[PDB]
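Quick mapping for you: the protein sequence lines, in order, are chains X and B. Basically PDB author numbering = 1-based index in the first sequence + 423. Basically PDB author numbering = 1-based index in the second sequence + 423. Beta carbons: idealized from backbone N, C-alpha and C, even for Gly.
Protein chains: 2
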Amino acid sequence: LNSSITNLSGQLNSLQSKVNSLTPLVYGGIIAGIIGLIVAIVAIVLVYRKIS
Amino acid sequence: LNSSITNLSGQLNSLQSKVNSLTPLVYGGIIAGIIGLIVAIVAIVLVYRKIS
Numbered sequence: 424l425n426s427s428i429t430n431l432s433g434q435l436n437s438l439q440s441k442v443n444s445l446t447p448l449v450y451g452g453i454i455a456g457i458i459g460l461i462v463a464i465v466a467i468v469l470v471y472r473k474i475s
Numbered sequence: 424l425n426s427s428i429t430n431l432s433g434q435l436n437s438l439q440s441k442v443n444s445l446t447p448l449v450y451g452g453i454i455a456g457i458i459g460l461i462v463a464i465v466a467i468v469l470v471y472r473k474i475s
């Protein structure tokens, strides 16, 4: 049982490590999709005002 | 073995808050990035359309 729990705590620790190595990666990654949305939007706007 | 179980549960609960604050936010980030990509691709065509 003891071996079972030790390895188990171990896997949790480990998956928190995947998610916390992921933490700055997924934030930067959100931050690139959101600037993409806004920079795309401000460029469409500026082309759309002069075609219309 | 008891104290280790209570700590496992604690750490699990922490990490479940973490990933449940991730999964919507990361979806929203991904939604914003694909939409930004739509807007940008449609901007490409409209600058291409208006020079022609």
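Is it buried or exposed, residue i, if we count other Cβ atoms within 10 angstroms and call 16 or more buried?
| i | result |
| --- | --- |
| residue 480/B | Missing from the structure shown is residue 480/B; chain B here goes from 424 to 475 and no further. |
| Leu448/X | exposed |
| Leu460/X | buried |
| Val462/B | buried |
| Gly433/X | exposed |
| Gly451/B | exposed |
Chain X partners of residue i, CB-CB under 8 Å?
| i | result |
| --- | --- |
| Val470/B | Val470 |
| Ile428/B | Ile428 |
Cutting at 7 Å between CB atoms, please list the residues of its own chain near residue i, excluding the five before and the five after it.
| i | result |
| --- | --- |
| residue 367/X | The requested residue 367/X does not occur in the structure, where chain X is confined to residues 424 to 475. |
Contact list for the region 431 to 463 of chain B against chain X, Cβ threshold 9 Å: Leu431, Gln434, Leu435, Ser437, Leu438, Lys441, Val442, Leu445, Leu448, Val449, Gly451, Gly452, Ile453, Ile454, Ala455, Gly456, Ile457, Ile458, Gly459, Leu460, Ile461, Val462, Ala463
Within the region 432 to 457 of chain B, ranges of the beta strand (DSSP E) (whole runs, at least 3 residues): none
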